[PDB]
Amino acid sequence: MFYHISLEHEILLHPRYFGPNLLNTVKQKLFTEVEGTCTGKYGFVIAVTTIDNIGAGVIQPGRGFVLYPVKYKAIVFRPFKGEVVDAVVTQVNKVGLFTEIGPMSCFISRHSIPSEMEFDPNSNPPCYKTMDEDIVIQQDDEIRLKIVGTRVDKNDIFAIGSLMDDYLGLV
Amino acid sequence: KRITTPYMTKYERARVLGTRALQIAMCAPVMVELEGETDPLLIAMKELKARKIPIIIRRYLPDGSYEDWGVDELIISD
Amino acid sequence: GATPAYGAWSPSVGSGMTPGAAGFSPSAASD
Amino acid sequence: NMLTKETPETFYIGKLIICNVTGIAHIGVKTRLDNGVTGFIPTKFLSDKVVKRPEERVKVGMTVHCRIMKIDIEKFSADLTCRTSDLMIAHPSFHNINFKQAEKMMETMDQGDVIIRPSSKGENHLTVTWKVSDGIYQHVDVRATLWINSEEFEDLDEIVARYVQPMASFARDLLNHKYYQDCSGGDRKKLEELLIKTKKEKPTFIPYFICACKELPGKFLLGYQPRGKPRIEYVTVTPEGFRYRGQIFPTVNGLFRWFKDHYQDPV
Amino acid sequence: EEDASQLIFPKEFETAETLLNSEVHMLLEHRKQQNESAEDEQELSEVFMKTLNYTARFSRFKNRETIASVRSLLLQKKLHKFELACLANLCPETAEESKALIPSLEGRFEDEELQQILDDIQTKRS
């Protein structure tokens, strides 16, 4: 889920970057360091909104670097299991359906699908209709889901969706 | 209310000069005109005389406090 | 570089002590 | 197409085909191309038939790029053109130069024309040299530190018309002053010796003059002798006015009207 | 243990500030507006893109003033902060749909009490 927290980072700065646009360079090196990453603590971090303050830079004894403990205010996206979200349907396959929740994608097997939404590989579009062909659920549909299990894969989140609850379809 | 001595002790001068000369040798933009020398300790010493070293000194006090003093604030001794 | 900052300089004013009288030239208009 | 694997339908006219000349039969350059096509450069490719070969136009032993004008990889020929042309009042100058050689081109323009040149100190910098007086030029090394943004470097027309054109218009008025001089560049030894010679002919009326520095351009010299001791007061010309004793005057006349009633103090 | 259905959240995330899907879209759009300008700047990643379209598909409203409204009326009640976005993006039609989807809404309020709020949302939906 999209949240708004104030995060901190300490960055090292090579002495060639001293001089007049120092703090501007700290900004640059923060924008292109903690953007679009993900963690098993805070999760996927979308972008940084503002920079609260730059600490005072403590010159490292021995080496020329000076590190700058900066606190920033960014929007982070952390799904929890059991949250009920909307997503768009990306790929319809007999092994399972693929959706995409913003920066993180999920997958729904026919085990999570009750038997109403049957396969449709005879049609050019693989969809999951029912027996009388009224509820057509194909690719590129805003289909809700419920995250039933989370998984982070080396700075990459991968949850798992389901279709067991009612009112999980077209709005 | 800074209460420490207003003079740069002789240990701060050694460490400020060594540190500033390391930063200069790692290509940091000098604060003073070079009349044509190239050693980083001679440059750091020239900058110290011009009181243009961009470093502040955080003097911890024994109770846990501390005071920051710019280098251009305190009186250089030698 | 060989061409440093020229206008970032600090113009020092010169102090003096000349206790003179008032016999100088008048002012004019600004137009 | 079965052996060399490169036909004439891939290589087209107009596109540059790198022809590596490795040898020459009589006067040409017959070598191989990248696709194994035997690139036989003719005498029009080197531009010499009874003289030495096209060594300046085709690199002998190396690959030389030329405009492809013949698709004959099956004919053991390569019409690759050895020529580079076969493959294809307040002025503002530009420069896509050093400081010594730039000093020789900025002496022939008039007063007010501002040149544009890259800097020589640092990176992503630009120096604004604008004409001040006879031999006086202020090289505004922006980062004369004039702090600007990063959107304005795409259009180089407003940083002059907002910061240098008014500065040149304020500097031109002192040149057309009624008491102006040069003293061979604004020398400090030549200006103290003029006030002591002008005070003797008229002890009652005290004159004043105005001059600028050659080594510190942008600062004018306003010297005055209230008594038998020469005294020099400095003043800075700004893009918004003038800097005299820290008071900013919008127009050029208010500085003199503020000075005529300020030099009569005992100091 | 971490299940938002039973409202259990880590200490680092308990004091966190929730955001709405239409809400963050305006921030992302604004940052896109800032970065699309100011040249000699890096272009935006594809992760930025994949979240732009994502919140763009679910923009229940595009007015700036519409956003603080729908939260002003929610925080006036005694709901959790976690309920603030899931119940403001999905916009269920009946309160039974809301209580069936969200297990913490069951027994938490009165059915008509819930449904009045739900109708407020459909009125606010552009």
# chains A, B, ... in the order shown; residues from 1 in each chain; ligands from 1

call {"tool": "residues_around", "arguments": {"residues": "residue E:26", "least_positions_apart": "4", "cutoff": "10 Å", "atoms": "only C-alpha atoms", "output": "ChimeraX atom specification"}}
result
/E:21-22,30-32,52,55-56,59,62-64

call {"tool": "interface_residues", "arguments": {"of": "chain B", "to": "chain A", "cutoff": "6 Å", "atoms": "only C-alpha atoms", "output": "list in words"}}
result
residues 23, 27, 28 and 29 of chain B

call {"tool": "interface_residues", "arguments": {"of": "chain C", "to": "chain D", "cutoff": "6 Å", "atoms": "only C-alpha atoms", "output": "PDB file with N, CA, C and O atoms, in the first residue's frame"}}
result
ATOM      1  N   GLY C   1      42.432  28.983 -11.925  1.00  0.00           N
ATOM      2  CA  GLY C   1      42.496  29.681 -13.195  1.00  0.00           C
ATOM      3  C   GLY C   1      43.185  31.031 -13.121  1.00  0.00           C
ATOM      4  O   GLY C   1      43.391  31.574 -12.036  1.00  0.00           O
ATOM      5  N   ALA C   5      37.796  35.739  -9.384  1.00  0.00           N
ATOM      6  CA  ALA C   5      36.643  36.599  -9.159  1.00  0.00           C
ATOM      7  C   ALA C   5      37.104  38.044  -9.013  1.00  0.00           C
ATOM      8  O   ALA C   5      38.008  38.338  -8.223  1.00  0.00           O
ATOM      9  N   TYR C   6      36.494  38.944  -9.788  1.00  0.00           N
ATOM     10  CA  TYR C   6      36.795  40.370  -9.742  1.00  0.00           C
ATOM     11  C   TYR C   6      35.761  41.167  -8.956  1.00  0.00           C
ATOM     12  O   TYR C   6      36.125  42.040  -8.165  1.00  0.00           O
ATOM     13  N   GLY C   7      34.476  40.895  -9.170  1.00  0.00           N
ATOM     14  CA  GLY C   7      33.393  41.603  -8.515  1.00  0.00           C
ATOM     15  C   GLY C   7      32.956  41.085  -7.163  1.00  0.00           C
ATOM     16  O   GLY C   7      32.202  41.769  -6.464  1.00  0.00           O
ATOM     17  N   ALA C   8      33.410  39.905  -6.754  1.00  0.00           N
ATOM     18  CA  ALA C   8      33.128  39.403  -5.417  1.00  0.00           C
ATOM     19  C   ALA C   8      34.050  40.022  -4.379  1.00  0.00           C
ATOM     20  O   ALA C   8      34.087  39.560  -3.234  1.00  0.00           O
ATOM     21  N   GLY C  16      39.880  58.887   7.549  1.00  0.00           N
ATOM     22  CA  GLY C  16      40.716  60.067   7.617  1.00  0.00           C
ATOM     23  C   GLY C  16      40.263  60.988   8.730  1.00  0.00           C
ATOM     24  O   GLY C  16      39.265  60.734   9.406  1.00  0.00           O
ATOM     25  N   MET C  17      41.022  62.076   8.916  1.00  0.00           N
ATOM     26  CA  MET C  17      40.693  63.117   9.893  1.00  0.00           C
ATOM     27  C   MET C  17      41.174  64.457   9.318  1.00  0.00           C
ATOM     28  O   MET C  17      42.351  64.824   9.398  1.00  0.00           O
ATOM     29  N   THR C  18      40.239  65.186   8.702  1.00  0.00           N
ATOM     30  CA  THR C  18      40.484  66.510   8.127  1.00  0.00           C
ATOM     31  C   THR C  18      39.424  67.486   8.627  1.00  0.00           C
ATOM     32  O   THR C  18      38.369  67.650   7.994  1.00  0.00           O
ATOM     33  N   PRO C  19      39.657  68.155   9.760  1.00  0.00           N
ATOM     34  CA  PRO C  19      38.676  69.132  10.258  1.00  0.00           C
ATOM     35  C   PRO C  19      38.682  70.425   9.457  1.00  0.00           C
ATOM     36  O   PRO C  19      39.239  71.433   9.903  1.00  0.00           O
ATOM     37  N   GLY C  20      38.064  70.409   8.274  1.00  0.00           N
ATOM     38  CA  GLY C  20      37.995  71.586   7.434  1.00  0.00           C
ATOM     39  C   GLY C  20      36.733  72.396   7.675  1.00  0.00           C
ATOM     40  O   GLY C  20      35.845  72.015   8.436  1.00  0.00           O
ATOM     41  N   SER C  27      25.166  71.517  -4.640  1.00  0.00           N
ATOM     42  CA  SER C  27      24.580  70.358  -5.298  1.00  0.00           C
ATOM     43  C   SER C  27      23.816  70.792  -6.553  1.00  0.00           C
ATOM     44  O   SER C  27      23.780  71.972  -6.912  1.00  0.00           O
TER      45      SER C  27
END

call {"tool": "residues_around", "arguments": {"residues": "stretch 102-106 of chain E", "least_positions_apart": "3", "cutoff": "8 Å", "atoms": "only C-alpha atoms", "output": "PyMOL selection string"}}
result
(chain A and resi 84) or (chain E and resi 5-7+98-99+109)

call {"tool": "write_last_selection", "arguments": {"atoms": "N, CA and C atoms", "output": "mmCIF file, in the first residue's frame"}}
result
data_model
loop_
_atom_site.group_PDB
_atom_site.id
_atom_site.type_symbol
_atom_site.label_atom_id
_atom_site.label_comp_id
_atom_site.auth_asym_id
_atom_site.auth_seq_id
_atom_site.Cartn_x
_atom_site.Cartn_y
_atom_site.Cartn_z
ATOM 1 N N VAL A 84 -7.024 -5.984 0.288
ATOM 2 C CA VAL A 84 -7.904 -6.192 -0.851
ATOM 3 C C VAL A 84 -7.679 -5.026 -1.804
ATOM 4 N N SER E 5 -6.036 -7.823 7.865
ATOM 5 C CA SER E 5 -7.436 -8.126 8.122
ATOM 6 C C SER E 5 -7.724 -8.113 9.615
ATOM 7 N N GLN E 6 -6.774 -8.575 10.423
ATOM 8 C CA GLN E 6 -6.859 -8.441 11.867
ATOM 9 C C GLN E 6 -6.082 -7.246 12.380
ATOM 10 N N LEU E 7 -5.679 -6.339 11.490
ATOM 11 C CA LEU E 7 -5.095 -5.068 11.895
ATOM 12 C C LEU E 7 -3.879 -5.270 12.781
ATOM 13 N N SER E 98 -18.835 -4.212 1.368
ATOM 14 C CA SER E 98 -17.706 -3.697 2.137
ATOM 15 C C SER E 98 -17.377 -4.600 3.313
ATOM 16 N N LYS E 99 -18.396 -5.031 4.046
ATOM 17 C CA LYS E 99 -18.192 -5.886 5.200
ATOM 18 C C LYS E 99 -17.783 -7.291 4.809
ATOM 19 N N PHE E 109 -19.375 -1.414 12.951
ATOM 20 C CA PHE E 109 -20.328 -0.320 12.894
ATOM 21 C C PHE E 109 -21.726 -0.858 12.639
#

call {"tool": "closest_residue", "arguments": {"among": "B:48, B:30, B:76, B:61", "to": "chain D", "atoms": "only C-alpha atoms"}}
result
B:30

call {"tool": "residues_around", "arguments": {"residues": "residue D:71", "least_positions_apart": "5", "cutoff": "8 Å", "atoms": "only C-alpha atoms", "output": "list in words"}}
result
residues 7, 8, 9, 11, 12, 13, 77, 78 and 79 of chain D

call {"tool": "write_last_selection", "arguments": {"atoms": "N, CA, C and O atoms", "output": "PDB file, in the first residue's frame"}}
result
ATOM      1  N   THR D   7      25.036  -9.737 -50.347  1.00  0.00           N
ATOM      2  CA  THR D   7      24.514  -9.447 -51.671  1.00  0.00           C
ATOM      3  C   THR D   7      24.437  -7.946 -51.894  1.00  0.00           C
ATOM      4  O   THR D   7      24.761  -7.148 -51.010  1.00  0.00           O
ATOM      5  N   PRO D   8      24.020  -7.517 -53.089  1.00  0.00           N
ATOM      6  CA  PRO D   8      23.900  -6.078 -53.353  1.00  0.00           C
ATOM      7  C   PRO D   8      22.627  -5.445 -52.816  1.00  0.00           C
ATOM      8  O   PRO D   8      22.537  -4.210 -52.796  1.00  0.00           O
ATOM      9  N   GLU D   9      21.647  -6.241 -52.381  1.00  0.00           N
ATOM     10  CA  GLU D   9      20.387  -5.714 -51.873  1.00  0.00           C
ATOM     11  C   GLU D   9      20.479  -5.224 -50.436  1.00  0.00           C
ATOM     12  O   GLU D   9      19.600  -4.474 -49.998  1.00  0.00           O
ATOM     13  N   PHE D  11      23.517  -3.674 -49.206  1.00  0.00           N
ATOM     14  CA  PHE D  11      24.302  -2.455 -49.332  1.00  0.00           C
ATOM     15  C   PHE D  11      23.615  -1.517 -50.315  1.00  0.00           C
ATOM     16  O   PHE D  11      23.322  -1.902 -51.452  1.00  0.00           O
ATOM     17  N   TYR D  12      23.363  -0.287 -49.877  1.00  0.00           N
ATOM     18  CA  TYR D  12      22.620   0.687 -50.656  1.00  0.00           C
ATOM     19  C   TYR D  12      23.494   1.893 -50.969  1.00  0.00           C
ATOM     20  O   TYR D  12      24.575   2.078 -50.403  1.00  0.00           O
ATOM     21  N   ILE D  13      23.015   2.706 -51.903  1.00  0.00           N
ATOM     22  CA  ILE D  13      23.682   3.952 -52.259  1.00  0.00           C
ATOM     23  C   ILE D  13      23.234   5.035 -51.288  1.00  0.00           C
ATOM     24  O   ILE D  13      22.040   5.168 -50.992  1.00  0.00           O
ATOM     25  N   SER D  77      33.919  -5.308 -56.414  1.00  0.00           N
ATOM     26  CA  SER D  77      34.097  -3.869 -56.524  1.00  0.00           C
ATOM     27  C   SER D  77      33.390  -3.193 -55.360  1.00  0.00           C
ATOM     28  O   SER D  77      32.486  -3.757 -54.740  1.00  0.00           O
ATOM     29  N   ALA D  78      33.817  -1.963 -55.074  1.00  0.00           N
ATOM     30  CA  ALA D  78      33.252  -1.202 -53.965  1.00  0.00           C
ATOM     31  C   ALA D  78      33.424   0.274 -54.315  1.00  0.00           C
ATOM     32  O   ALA D  78      34.524   0.817 -54.190  1.00  0.00           O
ATOM     33  N   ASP D  79      32.337   0.900 -54.755  1.00  0.00           N
ATOM     34  CA  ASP D  79      32.333   2.331 -55.043  1.00  0.00           C
ATOM     35  C   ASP D  79      32.164   3.045 -53.713  1.00  0.00           C
ATOM     36  O   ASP D  79      31.064   3.428 -53.319  1.00  0.00           O
TER      37      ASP D  79
END

call {"tool": "interface_residues", "arguments": {"of": "chain D", "to": "chain E", "cutoff": "10 Å", "atoms": "only C-alpha atoms", "output": "MDAnalysis selection string"}}
result
chainID D and resid 149:154

call {"tool": "residues_around", "arguments": {"residues": "stretch 4-15 of chain B", "least_positions_apart": "4", "cutoff": "6 Å", "atoms": "only C-alpha atoms", "output": "list in words"}}
result
residues 19, 74, 75 and 76 of chain B

call {"tool": "atom_distance", "arguments": {"atom1": "atom CA of residue D:195", "atom2": "atom CA of residue D:168"}}
result
28.0 Å

call {"tool": "residues_around", "arguments": {"residues": "residue A:167", "least_positions_apart": "4", "cutoff": "12 Å", "atoms": "only C-alpha atoms", "output": "PyMOL selection string"}}
result
(chain A and resi 84+86+143-146+163+171) or (chain E and resi 90+92-102)
